[PDB]
$ cat start-v7.pdb   # PDB, C-alpha atoms (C1' of nucleotides)
MODEL        1
ATOM      1  CA  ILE T   2      22.731 -42.673  15.823  1.00  0.00           C
ATOM      2  CA  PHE T   3      22.267 -42.545  19.607  1.00  0.00           C
ATOM      3  CA  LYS T   4      20.138 -39.662  20.897  1.00  0.00           C
ATOM      4  CA  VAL T   5      18.814 -38.875  24.358  1.00  0.00           C
ATOM      5  CA  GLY T   6      15.213 -39.893  24.973  1.00  0.00           C
ATOM      6  CA  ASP T   7      15.211 -42.583  22.264  1.00  0.00           C
ATOM      7  CA  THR T   8      13.549 -45.945  22.937  1.00  0.00           C
ATOM      8  CA  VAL T   9      16.370 -48.142  21.633  1.00  0.00           C
ATOM      9  CA  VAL T  10      16.203 -51.935  21.422  1.00  0.00           C
ATOM     10  CA  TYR T  11      18.945 -53.842  23.255  1.00  0.00           C
ATOM     11  CA  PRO T  12      19.181 -57.661  23.116  1.00  0.00           C
ATOM     12  CA  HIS T  13      18.004 -59.784  24.860  1.00  0.00           C
ATOM     13  CA  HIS T  14      16.112 -57.355  27.105  1.00  0.00           C
ATOM     14  CA  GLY T  15      14.055 -55.783  24.309  1.00  0.00           C
ATOM     15  CA  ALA T  16      13.166 -52.130  24.808  1.00  0.00           C
ATOM     16  CA  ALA T  17      15.705 -50.044  26.749  1.00  0.00           C
ATOM     17  CA  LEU T  18      15.205 -46.316  27.311  1.00  0.00           C
ATOM     18  CA  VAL T  19      18.397 -44.271  27.198  1.00  0.00           C
ATOM     19  CA  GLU T  20      19.148 -41.760  29.951  1.00  0.00           C
ATOM     20  CA  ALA T  21      22.514 -40.133  29.208  1.00  0.00           C
ATOM     21  CA  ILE T  22      26.202 -40.741  28.453  1.00  0.00           C
ATOM     22  CA  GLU T  23      29.238 -40.594  30.742  1.00  0.00           C
ATOM     23  CA  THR T  24      32.948 -40.066  30.118  1.00  0.00           C
ATOM     24  CA  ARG T  25      33.985 -42.863  32.527  1.00  0.00           C
ATOM     25  CA  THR T  26      37.661 -42.435  31.710  1.00  0.00           C
ATOM     26  CA  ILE T  27      39.320 -45.858  31.843  1.00  0.00           C
ATOM     27  CA  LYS T  28      42.966 -46.516  30.976  1.00  0.00           C
ATOM     28  CA  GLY T  29      43.161 -42.756  30.487  1.00  0.00           C
ATOM     29  CA  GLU T  30      40.517 -42.984  27.736  1.00  0.00           C
ATOM     30  CA  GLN T  31      37.225 -41.128  28.148  1.00  0.00           C
ATOM     31  CA  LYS T  32      35.400 -44.078  26.598  1.00  0.00           C
ATOM     32  CA  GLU T  33      31.862 -42.875  26.025  1.00  0.00           C
ATOM     33  CA  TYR T  34      29.467 -45.032  28.066  1.00  0.00           C
ATOM     34  CA  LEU T  35      25.819 -44.466  27.185  1.00  0.00           C
ATOM     35  CA  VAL T  36      23.321 -45.645  29.801  1.00  0.00           C
ATOM     36  CA  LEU T  37      20.191 -47.713  29.111  1.00  0.00           C
ATOM     37  CA  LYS T  38      17.394 -48.655  31.511  1.00  0.00           C
ATOM     38  CA  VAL T  39      15.008 -51.556  30.891  1.00  0.00           C
ATOM     39  CA  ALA T  40      11.597 -51.561  32.564  1.00  0.00           C
ATOM     40  CA  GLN T  41      11.595 -55.369  32.841  1.00  0.00           C
ATOM     41  CA  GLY T  42      14.554 -55.914  35.185  1.00  0.00           C
ATOM     42  CA  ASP T  43      14.999 -52.324  36.382  1.00  0.00           C
ATOM     43  CA  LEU T  44      18.725 -52.528  35.622  1.00  0.00           C
ATOM     44  CA  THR T  45      21.091 -50.007  34.044  1.00  0.00           C
ATOM     45  CA  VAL T  46      23.455 -51.068  31.246  1.00  0.00           C
ATOM     46  CA  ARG T  47      26.302 -48.773  30.178  1.00  0.00           C
ATOM     47  CA  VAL T  48      27.675 -49.581  26.715  1.00  0.00           C
ATOM     48  CA  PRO T  49      30.362 -47.984  24.490  1.00  0.00           C
ATOM     49  CA  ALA T  50      28.970 -46.217  21.431  1.00  0.00           C
ATOM     50  CA  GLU T  51      31.951 -47.179  19.262  1.00  0.00           C
ATOM     51  CA  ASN T  52      31.180 -50.910  19.622  1.00  0.00           C
ATOM     52  CA  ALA T  53      27.542 -50.517  20.685  1.00  0.00           C
ATOM     53  CA  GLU T  54      26.357 -52.017  17.394  1.00  0.00           C
ATOM     54  CA  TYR T  55      28.797 -54.898  17.914  1.00  0.00           C
ATOM     55  CA  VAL T  56      26.921 -56.009  21.035  1.00  0.00           C
ATOM     56  CA  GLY T  57      23.650 -55.923  19.093  1.00  0.00           C
ATOM     57  CA  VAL T  58      21.825 -52.803  20.258  1.00  0.00           C
ATOM     58  CA  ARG T  59      19.360 -51.636  17.606  1.00  0.00           C
ATOM     59  CA  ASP T  60      16.945 -48.732  17.329  1.00  0.00           C
ATOM     60  CA  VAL T  61      13.162 -49.077  17.170  1.00  0.00           C
ATOM     61  CA  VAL T  62      12.357 -50.965  13.977  1.00  0.00           C
ATOM     62  CA  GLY T  63      10.015 -49.268  11.528  1.00  0.00           C
ATOM     63  CA  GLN T  64       6.869 -50.518   9.848  1.00  0.00           C
ATOM     64  CA  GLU T  65       8.821 -52.529   7.264  1.00  0.00           C
ATOM     65  CA  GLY T  66       9.813 -55.020   9.953  1.00  0.00           C
ATOM     66  CA  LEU T  67       6.252 -54.902  11.279  1.00  0.00           C
ATOM     67  CA  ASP T  68       4.725 -56.053   7.994  1.00  0.00           C
ATOM     68  CA  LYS T  69       7.613 -58.509   7.598  1.00  0.00           C
ATOM     69  CA  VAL T  70       6.820 -60.177  10.924  1.00  0.00           C
ATOM     70  CA  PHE T  71       3.116 -60.266  10.070  1.00  0.00           C
ATOM     71  CA  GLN T  72       3.823 -61.983   6.743  1.00  0.00           C
ATOM     72  CA  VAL T  73       6.214 -64.393   8.472  1.00  0.00           C
ATOM     73  CA  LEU T  74       3.474 -65.165  10.981  1.00  0.00           C
ATOM     74  CA  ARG T  75       1.598 -66.181   7.826  1.00  0.00           C
ATOM     75  CA  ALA T  76       4.445 -68.385   6.533  1.00  0.00           C
ATOM     76  CA  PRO T  77       3.221 -72.028   6.336  1.00  0.00           C
ATOM     77  CA  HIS T  78       5.004 -75.321   5.601  1.00  0.00           C
ATOM     78  CA  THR T  79       7.397 -75.461   8.562  1.00  0.00           C
ATOM     79  CA  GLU T  80       9.054 -78.775   9.456  1.00  0.00           C
ATOM     80  CA  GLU T  81      11.472 -79.555  12.283  1.00  0.00           C
ATOM     81  CA  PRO T  82      13.905 -82.404  12.998  1.00  0.00           C
ATOM     82  CA  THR T  83      12.339 -85.494  14.533  1.00  0.00           C
ATOM     83  CA  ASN T  84      14.280 -85.354  17.800  1.00  0.00           C
ATOM     84  CA  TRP T  85      12.899 -82.974  20.413  1.00  0.00           C
ATOM     85  CA  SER T  86      16.405 -82.060  21.593  1.00  0.00           C
ATOM     86  CA  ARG T  87      17.580 -80.872  18.180  1.00  0.00           C
ATOM     87  CA  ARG T  88      14.546 -78.660  17.556  1.00  0.00           C
ATOM     88  CA  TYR T  89      14.737 -77.277  21.100  1.00  0.00           C
ATOM     89  CA  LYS T  90      18.398 -76.378  20.573  1.00  0.00           C
ATOM     90  CA  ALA T  91      17.594 -74.830  17.191  1.00  0.00           C
ATOM     91  CA  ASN T  92      14.821 -72.595  18.512  1.00  0.00           C
ATOM     92  CA  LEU T  93      16.839 -71.690  21.620  1.00  0.00           C
ATOM     93  CA  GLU T  94      19.726 -70.558  19.415  1.00  0.00           C
ATOM     94  CA  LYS T  95      17.181 -68.714  17.271  1.00  0.00           C
ATOM     95  CA  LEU T  96      15.975 -66.832  20.354  1.00  0.00           C
ATOM     96  CA  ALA T  97      19.553 -66.177  21.488  1.00  0.00           C
ATOM     97  CA  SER T  98      20.436 -64.660  18.107  1.00  0.00           C
ATOM     98  CA  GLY T  99      18.099 -61.784  18.972  1.00  0.00           C
ATOM     99  CA  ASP T 100      16.853 -61.513  15.390  1.00  0.00           C
ATOM    100  CA  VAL T 101      13.237 -60.371  15.580  1.00  0.00           C
ATOM    101  CA  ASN T 102      12.223 -62.606  12.672  1.00  0.00           C
ATOM    102  CA  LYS T 103      13.797 -65.735  14.168  1.00  0.00           C
ATOM    103  CA  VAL T 104      12.235 -65.250  17.605  1.00  0.00           C
ATOM    104  CA  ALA T 105       8.885 -64.455  15.971  1.00  0.00           C
ATOM    105  CA  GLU T 106       9.009 -67.666  13.946  1.00  0.00           C
ATOM    106  CA  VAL T 107       9.959 -69.644  17.061  1.00  0.00           C
ATOM    107  CA  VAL T 108       7.106 -68.080  19.041  1.00  0.00           C
ATOM    108  CA  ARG T 109       4.489 -68.724  16.378  1.00  0.00           C
ATOM    109  CA  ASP T 110       5.602 -72.306  15.705  1.00  0.00           C
ATOM    110  CA  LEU T 111       5.735 -73.192  19.394  1.00  0.00           C
ATOM    111  CA  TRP T 112       2.373 -71.554  20.086  1.00  0.00           C
ATOM    112  CA  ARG T 113       0.644 -73.344  17.213  1.00  0.00           C
ATOM    113  CA  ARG T 114       2.113 -76.651  18.407  1.00  0.00           C
ATOM    114  CA  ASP T 115       1.105 -76.050  22.050  1.00  0.00           C
ATOM    115  CA  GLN T 116      -2.408 -75.042  20.996  1.00  0.00           C
ATOM    116  CA  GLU T 117      -2.422 -78.075  18.693  1.00  0.00           C
ATOM    117  CA  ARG T 118      -2.054 -80.669  21.428  1.00  0.00           C
ATOM    118  CA  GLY T 119      -0.267 -79.267  24.510  1.00  0.00           C
ATOM    119  CA  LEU T 120       3.356 -80.053  25.199  1.00  0.00           C
ATOM    120  CA  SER T 121       5.263 -79.445  28.420  1.00  0.00           C
ATOM    121  CA  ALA T 122       6.595 -76.906  30.911  1.00  0.00           C
ATOM    122  CA  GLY T 123       9.983 -76.125  29.345  1.00  0.00           C
ATOM    123  CA  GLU T 124       8.442 -75.289  25.986  1.00  0.00           C
ATOM    124  CA  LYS T 125       5.842 -73.265  27.884  1.00  0.00           C
ATOM    125  CA  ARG T 126       8.613 -71.254  29.564  1.00  0.00           C
ATOM    126  CA  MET T 127      10.380 -70.643  26.258  1.00  0.00           C
ATOM    127  CA  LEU T 128       7.109 -69.551  24.650  1.00  0.00           C
ATOM    128  CA  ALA T 129       6.272 -67.226  27.544  1.00  0.00           C
ATOM    129  CA  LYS T 130       9.677 -65.523  27.480  1.00  0.00           C
ATOM    130  CA  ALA T 131       9.770 -65.144  23.704  1.00  0.00           C
ATOM    131  CA  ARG T 132       6.175 -63.891  23.505  1.00  0.00           C
ATOM    132  CA  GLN T 133       6.889 -61.384  26.289  1.00  0.00           C
ATOM    133  CA  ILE T 134       9.906 -59.914  24.511  1.00  0.00           C
ATOM    134  CA  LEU T 135       8.031 -59.856  21.195  1.00  0.00           C
ATOM    135  CA  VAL T 136       4.986 -58.102  22.654  1.00  0.00           C
ATOM    136  CA  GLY T 137       7.185 -55.466  24.271  1.00  0.00           C
ATOM    137  CA  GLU T 138       9.096 -54.925  21.037  1.00  0.00           C
ATOM    138  CA  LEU T 139       5.875 -54.584  19.022  1.00  0.00           C
ATOM    139  CA  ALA T 140       4.308 -52.288  21.629  1.00  0.00           C
ATOM    140  CA  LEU T 141       7.204 -49.898  21.137  1.00  0.00           C
ATOM    141  CA  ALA T 142       7.299 -50.675  17.402  1.00  0.00           C
ATOM    142  CA  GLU T 143       4.013 -48.790  17.054  1.00  0.00           C
ATOM    143  CA  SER T 144       3.974 -47.264  20.575  1.00  0.00           C
ATOM    144  CA  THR T 145       0.710 -49.190  20.925  1.00  0.00           C
ATOM    145  CA  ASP T 146       1.297 -50.116  24.609  1.00  0.00           C
ATOM    146  CA  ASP T 147       1.806 -53.568  26.113  1.00  0.00           C
ATOM    147  CA  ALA T 148      -1.873 -54.421  26.645  1.00  0.00           C
ATOM    148  CA  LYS T 149      -2.953 -53.395  23.151  1.00  0.00           C
ATOM    149  CA  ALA T 150       0.252 -54.976  21.809  1.00  0.00           C
ATOM    150  CA  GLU T 151      -0.748 -58.266  23.438  1.00  0.00           C
ATOM    151  CA  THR T 152      -4.231 -57.990  21.942  1.00  0.00           C
ATOM    152  CA  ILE T 153      -2.912 -57.225  18.439  1.00  0.00           C
ATOM    153  CA  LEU T 154      -0.598 -60.217  18.784  1.00  0.00           C
ATOM    154  CA  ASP T 155      -3.651 -62.273  19.765  1.00  0.00           C
ATOM    155  CA  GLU T 156      -5.678 -61.153  16.745  1.00  0.00           C
ATOM    156  CA  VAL T 157      -2.865 -61.462  14.203  1.00  0.00           C
ATOM    157  CA  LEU T 158      -1.899 -64.995  15.261  1.00  0.00           C
ATOM    158  CA  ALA T 159      -5.457 -66.008  14.321  1.00  0.00           C
ATOM    159  CA  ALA T 160      -4.827 -65.460  10.603  1.00  0.00           C
TER     160      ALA T 160
ATOM    161  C1'  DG A   1     -44.545-119.849  71.220  1.00  0.00           C
ATOM    162  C1'  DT A   2     -42.593-122.658  67.498  1.00  0.00           C
ATOM    163  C1'  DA A   3     -43.196-125.056  63.372  1.00  0.00           C
ATOM    164  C1'  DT A   4     -42.935-122.915  57.583  1.00  0.00           C
ATOM    165  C1'  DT A   5     -43.575-120.797  52.407  1.00  0.00           C
ATOM    166  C1'  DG A   6     -43.659-117.183  49.259  1.00  0.00           C
ATOM    167  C1'  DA A   7     -42.133-113.024  47.635  1.00  0.00           C
ATOM    168  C1'  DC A   8     -39.194-108.673  48.231  1.00  0.00           C
ATOM    169  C1'  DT A   9     -35.337-105.987  48.657  1.00  0.00           C
ATOM    170  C1'  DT A  10     -29.912-105.743  49.473  1.00  0.00           C
ATOM    171  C1'  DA A  11     -24.735-106.056  49.971  1.00  0.00           C
ATOM    172  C1'  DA A  12     -21.046-108.629  48.168  1.00  0.00           C
ATOM    173  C1'  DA A  13     -19.004-110.200  45.048  1.00  0.00           C
ATOM    174  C1'  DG A  14     -17.265-111.396  40.056  1.00  0.00           C
ATOM    175  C1'  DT A  15     -16.259-109.378  36.069  1.00  0.00           C
ATOM    176  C1'  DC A  16     -15.406-106.135  31.797  1.00  0.00           C
ATOM    177  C1'  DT A  17     -13.805-101.752  30.489  1.00  0.00           C
ATOM    178  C1'  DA A  18     -11.031 -97.544  30.851  1.00  0.00           C
ATOM    179  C1'  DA A  19      -7.073 -94.215  32.694  1.00  0.00           C
ATOM    180  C1'  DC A  20      -3.493 -93.617  35.288  1.00  0.00           C
ATOM    181  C1'  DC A  21       0.561 -95.317  37.171  1.00  0.00           C
ATOM    182  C1'  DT A  22       5.365 -98.038  36.139  1.00  0.00           C
ATOM    183  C1'  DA A  23       9.437-100.171  34.135  1.00  0.00           C
ATOM    184  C1'  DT A  24      12.162 -98.763  30.496  1.00  0.00           C
ATOM    185  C1'  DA A  25      14.441 -96.629  26.553  1.00  0.00           C
ATOM    186  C1'  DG A  26      16.542 -92.509  24.390  1.00  0.00           C
ATOM    187  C1'  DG A  27      18.458 -88.070  23.469  1.00  0.00           C
ATOM    188  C1'  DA A  28      24.843 -86.761  18.622  1.00  0.00           C
ATOM    189  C1'  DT A  29      28.752 -79.107  18.902  1.00  0.00           C
ATOM    190  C1'  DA A  30      31.942 -79.954  22.599  1.00  0.00           C
ATOM    191  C1'  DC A  31      33.092 -80.835  27.206  1.00  0.00           C
ATOM    192  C1'  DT A  32      38.262 -86.253  29.974  1.00  0.00           C
ATOM    193  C1'  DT A  33      42.024 -86.857  37.507  1.00  0.00           C
ATOM    194  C1'  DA A  34      36.910 -84.235  43.687  1.00  0.00           C
ATOM    195  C1'  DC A  35      37.384 -82.125  47.893  1.00  0.00           C
ATOM    196  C1'  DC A  36      42.920 -77.422  70.773  1.00  0.00           C
ATOM    197  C1'  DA A  37      42.230 -82.868  76.572  1.00  0.00           C
ATOM    198  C1'  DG A  38      45.233 -86.398  78.709  1.00  0.00           C
ATOM    199  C1'  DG A  39      46.579 -91.074  80.091  1.00  0.00           C
ATOM    200  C1'  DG A  40      47.566 -95.533  79.485  1.00  0.00           C
ATOM    201  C1'  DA A  41      48.629 -99.696  76.647  1.00  0.00           C
ATOM    202  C1'  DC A  42      50.098-102.095  72.482  1.00  0.00           C
ATOM    203  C1'  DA A  43      52.232-102.590  67.962  1.00  0.00           C
ATOM    204  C1'  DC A  44      55.413-101.293  64.046  1.00  0.00           C
ATOM    205  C1'  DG A  45      59.794 -99.231  61.867  1.00  0.00           C
ATOM    206  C1'  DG A  46      64.913 -97.301  62.771  1.00  0.00           C
ATOM    207  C1'  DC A  47      68.972 -97.324  64.674  1.00  0.00           C
ATOM    208  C1'  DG A  48      72.765 -99.219  67.251  1.00  0.00           C
TER     209       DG A  48
ENDMDL
END
$ encode --input "start-v7.pdb" --output "structure tokens"
Amino acid sequence: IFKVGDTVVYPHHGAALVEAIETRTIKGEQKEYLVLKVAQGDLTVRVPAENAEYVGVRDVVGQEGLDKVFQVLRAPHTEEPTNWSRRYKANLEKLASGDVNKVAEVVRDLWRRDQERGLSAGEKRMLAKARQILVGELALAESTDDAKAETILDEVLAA
DNA sequence: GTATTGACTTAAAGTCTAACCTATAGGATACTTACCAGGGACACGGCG
């Protein structure tokens, strides 16, 4: 499941290159602690393989998720609760879930709304963060690189 | 030099319209008790 040199996805930092694994015996138990490095924060995260999936670490998603997110980007007829607070909480929880589909839907909806009439700074921050993580994830999804990943995001949002 | 009229242009309003401040309201997971002096004089509570 976990192999050296694999570009594994760890939430909510997106891509996270593995380096190695260490015994790190604690309580007399050589609990395996595999080490990930994320290029965004330049931090190392050591996680246990036995419950690694419990935290939410996932491998690079294939092309099935790629076409899924494209189709979802072409999913119309979205309505939100009237109050701004409720919809903000909903999309923030959607981002926190780490599900690629949920964050993609949040990003697209917020971007279409912002481009519709322009909103605010907090929504802008949410959109920037979510778009950043999505572009990184897609870049590694097809190893298409961050710049070309941003451009493909920019063409596909056009529909 | 000091008495005028007839144009000829000009700033200051005086006002109508538009945008950019301003007073105000609201927001529904759940959260329930904060934080180094002395030296003299006067007044208040205990004890006998």
$ resolve_selection --input "start-v7.pdb" --expression "the PyMOL selection byres ((chain T) within 12 of (chain A))" --output "VMD selection string"
chain T and resid 83 to 90
$ atom_distance --input "start-v7.pdb" --atom1 "atom CA of residue 75 of chain T" --atom2 "atom CA of residue 101 of chain T"
15.1 Å
$ atom_distance --input "start-v7.pdb" --atom1 "atom CA of residue 82 of chain T" --atom2 "atom CA of residue 96 of chain T"
17.3 Å
$ atom_distance --input "start-v7.pdb" --atom1 "atom CA of residue 18 of chain T" --atom2 "atom CA of residue 38 of chain T"
5.3 Å
$ resolve_selection --input "start-v7.pdb" --expression "the PyMOL selection byres ((chain T and resi 49) around 7)" --output "ChimeraX atom specification"
/T:32-35,48,50-53
$ resolve_selection --input "start-v7.pdb" --expression "the PyMOL selection byres ((chain T and resi 108) around 12)" --output "PyMOL selection string"
chain T and resi 70+73-74+92-93+95-96+101-107+109-116+124-136+154+158
$ closest_residue --input "start-v7.pdb" --among "T:2, T:31, T:71, T:145" --to "residue 159 of chain T" --atoms "all atoms listed in the file"
T:71
$ residues_around --input "start-v7.pdb" --residues "residue 63 of chain T" --least-positions-apart "4" --cutoff "9 Å" --atoms "all atoms listed in the file" --output "compact mmCIF listing (two decimals) with C-alpha atoms, in the coordinates of the input"
# COMPACT_ATOMS: atom_id res chain seq x y z
CA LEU T 67 6.25 -54.90 11.28
CA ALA T 142 7.30 -50.68 17.40
CA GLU T 143 4.01 -48.79 17.05
$ residues_near_point --input "start-v7.pdb" --point "(14.2, -48.9, 34.1)" --cutoff "12 Å" --atoms "only C-alpha atoms (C1' of nucleotides)" --output "VMD selection string"
chain T and resid 8 14 to 20 36 to 46
$ build_atoms --input "start-v7.pdb" --residues "segment 71-83 of chain T" --atoms "N, CA, C and O atoms" --output "mmCIF file, in the frame of the given file"
data_model
loop_
_atom_site.group_PDB
_atom_site.id
_atom_site.type_symbol
_atom_site.label_atom_id
_atom_site.label_comp_id
_atom_site.auth_asym_id
_atom_site.auth_seq_id
_atom_site.Cartn_x
_atom_site.Cartn_y
_atom_site.Cartn_z
ATOM 1 N N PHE T 71 4.473 -59.793 10.339
ATOM 2 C CA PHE T 71 3.116 -60.266 10.070
ATOM 3 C C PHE T 71 3.114 -61.324 8.967
ATOM 4 O O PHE T 71 2.564 -62.426 9.138
ATOM 5 N N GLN T 72 3.756 -61.020 7.836
ATOM 6 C CA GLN T 72 3.823 -61.983 6.743
ATOM 7 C C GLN T 72 4.469 -63.286 7.198
ATOM 8 O O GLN T 72 3.999 -64.375 6.851
ATOM 9 N N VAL T 73 5.547 -63.192 7.980
ATOM 10 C CA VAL T 73 6.214 -64.393 8.472
ATOM 11 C C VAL T 73 5.279 -65.182 9.376
ATOM 12 O O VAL T 73 5.264 -66.419 9.350
ATOM 13 N N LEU T 74 4.490 -64.483 10.196
ATOM 14 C CA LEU T 74 3.474 -65.165 10.981
ATOM 15 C C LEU T 74 2.513 -65.914 10.075
ATOM 16 O O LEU T 74 1.921 -66.915 10.489
ATOM 17 N N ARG T 75 2.351 -65.444 8.836
ATOM 18 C CA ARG T 75 1.598 -66.181 7.826
ATOM 19 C C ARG T 75 2.500 -66.939 6.853
ATOM 20 O O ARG T 75 2.211 -66.991 5.652
ATOM 21 N N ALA T 76 3.589 -67.534 7.350
ATOM 22 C CA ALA T 76 4.445 -68.385 6.533
ATOM 23 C C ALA T 76 4.177 -69.847 6.874
ATOM 24 O O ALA T 76 4.599 -70.306 7.947
ATOM 25 N N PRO T 77 3.493 -70.620 6.010
ATOM 26 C CA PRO T 77 3.221 -72.028 6.336
ATOM 27 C C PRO T 77 4.340 -72.976 5.932
ATOM 28 O O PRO T 77 5.411 -72.541 5.491
ATOM 29 N N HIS T 78 4.096 -74.281 6.083
ATOM 30 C CA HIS T 78 5.004 -75.321 5.601
ATOM 31 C C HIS T 78 6.327 -75.309 6.367
ATOM 32 O O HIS T 78 7.412 -75.235 5.782
ATOM 33 N N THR T 79 6.232 -75.386 7.691
ATOM 34 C CA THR T 79 7.397 -75.461 8.562
ATOM 35 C C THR T 79 7.544 -76.879 9.100
ATOM 36 O O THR T 79 6.590 -77.443 9.648
ATOM 37 N N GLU T 80 8.737 -77.454 8.937
ATOM 38 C CA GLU T 80 9.054 -78.775 9.456
ATOM 39 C C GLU T 80 10.323 -78.695 10.293
ATOM 40 O O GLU T 80 11.220 -77.892 10.019
ATOM 41 N N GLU T 81 10.389 -79.538 11.313
ATOM 42 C CA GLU T 81 11.472 -79.555 12.283
ATOM 43 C C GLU T 81 12.075 -80.948 12.348
ATOM 44 O O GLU T 81 11.436 -81.929 11.950
ATOM 45 N N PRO T 82 13.307 -81.072 12.841
ATOM 46 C CA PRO T 82 13.905 -82.404 12.998
ATOM 47 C C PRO T 82 13.101 -83.260 13.965
ATOM 48 O O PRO T 82 12.423 -82.754 14.863
ATOM 49 N N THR T 83 13.173 -84.577 13.763
ATOM 50 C CA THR T 83 12.339 -85.494 14.533
ATOM 51 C C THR T 83 12.639 -85.405 16.025
ATOM 52 O O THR T 83 11.720 -85.367 16.853
#
